[PDB]
Amino acid sequence: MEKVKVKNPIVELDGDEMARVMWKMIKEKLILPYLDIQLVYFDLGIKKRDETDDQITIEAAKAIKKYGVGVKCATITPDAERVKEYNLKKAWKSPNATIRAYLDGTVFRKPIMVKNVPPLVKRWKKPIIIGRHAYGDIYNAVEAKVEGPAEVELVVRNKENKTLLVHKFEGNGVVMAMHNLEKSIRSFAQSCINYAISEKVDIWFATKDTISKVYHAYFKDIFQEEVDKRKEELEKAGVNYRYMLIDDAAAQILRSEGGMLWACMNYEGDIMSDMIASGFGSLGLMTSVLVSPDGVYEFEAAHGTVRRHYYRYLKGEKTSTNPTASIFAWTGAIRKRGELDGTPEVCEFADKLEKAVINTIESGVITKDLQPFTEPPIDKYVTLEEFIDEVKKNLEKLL
Amino acid sequence: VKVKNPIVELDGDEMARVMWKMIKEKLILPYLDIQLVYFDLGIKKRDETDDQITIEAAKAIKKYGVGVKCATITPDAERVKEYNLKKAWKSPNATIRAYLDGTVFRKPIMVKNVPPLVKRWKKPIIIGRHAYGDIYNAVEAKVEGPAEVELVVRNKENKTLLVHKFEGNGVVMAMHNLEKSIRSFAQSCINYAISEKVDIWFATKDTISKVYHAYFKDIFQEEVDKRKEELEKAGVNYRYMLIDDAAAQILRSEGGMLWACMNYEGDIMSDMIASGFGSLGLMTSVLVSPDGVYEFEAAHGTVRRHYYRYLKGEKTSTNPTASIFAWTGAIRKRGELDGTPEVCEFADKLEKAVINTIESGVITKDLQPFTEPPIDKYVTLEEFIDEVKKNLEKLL
Ligand code: NA
Ligand code: NA
């Protein structure tokens with residue numbers, strides 16, 4: 001059997017630790033034997049980024065924008081500990097933050113659902129996608145302890161100068177000031193609109209604009225503006241926009257059948273991506289995809305580098321690390337590249353490999369992370385390589 | 001059945017007030033020799049007194065230690081027109097809350113044939129909300145064009161922080177919170193947890209907010225340190241967490257803890273977690289103070305839409321369960337404070353009578369969508385209290 005021809009390149013970003021180990025196996029067992037595919041390769045392993053003073057990350061980001069579809073392996077974000085461990089020059093910045101900013105993108109988290117690994121919320125029959133506005137607010141704020149009897153003002157200073165009284169302290173406390181940006185919020189809404197049209201799902205956005213009548217209102221107003229500018233496009237895709245109050249939204253989410261994109265401001269999105277992921281089960285089944293306003297797509301698994309399985313691997317051991325999310329990053333990228341190039345055999349292949357993973361799990365062949373979520377409970381689990389071998393087997397059955 | 005000391009009783013509004021009277025005269029008073037220190041916080045009585053009976057009610061509670069409050073109307077423009085008021089008076093709940101320096105705790109009532117939407121949740125999750133400050137007392141502004149925005153602290157120490165240099169347009173916000181308020185919050189949480197014998201989970205994003213969220217983290221720990229002996233005695237563990245970790249863990253847990261939340265978080269999570277349990281009709285609510293005062297209330301409102309039907313001569317299926325458990329909560333707390341273990345035993349029996357009513361298939365309408373297996377029919381308000389009465393008589 002001939003390999004399926006992929007017309008245009010996919011940009012591939014290699015990563016770190018156990019993620020990197022899985023990545024190599026997926027390519028060799030599940031991807032390269034079946035596809036004649038051009039991969040524009042950037043090694044984003046910590047030592048390559050260290051060697052090039054992180055310039056390789058920017059080059060990677062440029063390539064993703066250029067070709068339009070990327071697929072990325074998880075990477076170490078160094079803290080002081082990693083600097084010591086890998087003898088780094090510097091605590092380089094998160095490759096993800098660098099790439100996301102370069103691409104003006106928003107990250108969308110969506111669970112893979114499998115019949116025999118049901119979510120922890122009974123109602124949830126369809127994936128809930130979390131899209132987080134990852135700019136500003138608390139994450140770029142400035143703060144101060146206020147001990148004394150004091151007055152605190154926010155000063156706006158140039159065309160129209162103004163002073164606002166934050167608080168007249170009599171006793172002690174703390175103060176915080178934050179900002180966000182029109183352009184940032186517009187890009188976020190635009191990326192949500194793109195993702196929802198692509199996925200054919202409704203958009204829920206929510207704030208507490210009844211309290212925050214300028215700041216939260218701003219996001220509400222911008223989001224609605226962007227939806228209005230895309231009224232027909234949204235309606236053609238069957239996408240409904242639902243603006244809610246944030247506490248109402250959270251209550252309704254938990255109550256729903258799932259199936260929507262929940263667009264969240266920065267802090268809420270940080271919390272809810274984790275909380276909703278938890279409601280679905282294992283992080284091993286969480287996919288992630290960056291989408292930008294200009295239609296650039298970058299697929300990744302939602303989890304990290306899985307360093308503690310990696311430390312076990314370094315001692316010679318097989319692990320039971322779940323490759324499922326990494327596989328679906330590959331198949332997501334492949335499908336997208338296929339849809340763009342107009343090459344339906346490419347989409348078909350991505351469908352078949354995805355189907356092979358799901359068939360593997362539903363047939364009772366799981367890695368260790370899925371075990372406490374199985375129904376009926378599954379007693380046995382296999383190593384990462386056994387799992388990939390079973391996926392390969394089930395792929396062959398469909399080809 | 002005696003009850004050594006009085007309880008402060010706060011009458012309310014609309015359908016809530018209607019259930020209130022019904023419950024006293026059918027389920028409480030026929031069984032207990034109590035001095036209720038009565039305050040009518042009905043909107044008409046509040047308007048006449050210029051909101052003073054509200055303040056009067058709160059000063060009585062602080063004195064007598066235990067209060068029980070009916071849902072009241074918080075007036076807006078529509079309500080001013082409806083009841084022909086003087087002003088849109090301030091929320092009684094918010095008025096009392098501040099005076100008593102209390103924090104509110106929400107706890108679902110669990111019932112076997114009305115299961116939560118979250119499978120793992122086997123024990124109630126209490127949400128305690130720090131209902132002062134942050135975005136609720138924030139100051140905000142739209143920013144156009146090139147501009148520099150700054151945070152300026154003035155007086156004992158003088159400080160200017162660049163918030164942002166704007167090239168395009170955007171928005172800014174500044175907020176505050178207070179040492180005292182956060183301490184009172186932590187104190188109330190510790191009181192509640194010791195009373196309920198549950199663990200305390202507190203969480204922030206102090207890995208990002210290294211001064212502001214850290215302040216809450218440090219103060220909460222300080223207050224736990226101050227009371228570690230009694231906490232250890234009651235079997236209460238304190239578990240500080242990162243906020244996003246906590247939320248993931250809560251959904252993953254079997255319930256059973258108090259989750260203390262900062263203002264915004266608590267606004268969201270109270271509703272979210274209530275939703276995970278089922279019907280708002282099975283939600284109890286208690287204000288605890290740092291000094292140990294308690295005020296028991298239903299979580300629900302006045303149910304105006306049921307009240308209007310009532311005035312039109314229709315029968316409703318309004319749920320009194322939350323109301324009754326506000327009464328029993330008050331009765332039990334007052335029983336244990338004097339040392340009268342018969343008052344407590346009645347509080348138990350009435351709660352257990354309600355639970356037996358529901359579990360036998362006798363429900364109000366609001367429960368129907370949640371019951372498992374589903375109940376084909378529902379009973380009215382009057383009929384539900386009558387069955388609760390039957391089932392209480394069976395236990396006495
Ligand atoms: Na998070
Ligand atoms: Na709320």
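Just follow the structure's listing: the first ligand is 1, and inside any ligand the first atom is 1. Residue numbers start from 1 in every chain, and the chains themselves are labelled A, B, ... in the order their sequence lines are given, proteins ahead of strands. Because only heavy atoms are used, hydrogens play no part in the values below, and waters and symmetry mates are left out as well, while side chains stay in.
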J.: Between A/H179 and A/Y215, is the ring centre distance below 6.0 Å?
T.: no

J.: With sequence neighbours excluded, tell me which residues meet side chain to side chain contact (heavy atoms under 4.5 Å, CB included) with B/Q221.
T.: B/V224, B/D225, B/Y238

J.: Suppose the cut-off is 3.0 Å; which protein N/O/S atoms would you list for the Na ion (ligand 2)?
T.: A/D247 OD2, B/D267 O, B/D267 OD1, B/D271 OD2

J.: Is there a donor-acceptor pair closer than 3.5 Å between any side-chain N or O of B/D13 and the backbone N or O of B/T302?
T.: no

J.: Aromatic contact between A/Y267 and B/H213, with the criterion being ring centroids under 6.0 Å apart: yes or no?
T.: yes

J.: Under 4.0 Å between a side-chain nitrogen and a carboxylate oxygen: does that hold for A/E300 and A/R100?
T.: no

J.: Would you please say whether a donor-acceptor pair under 3.5 Å links the side chains of A/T207 and A/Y243?
T.: yes

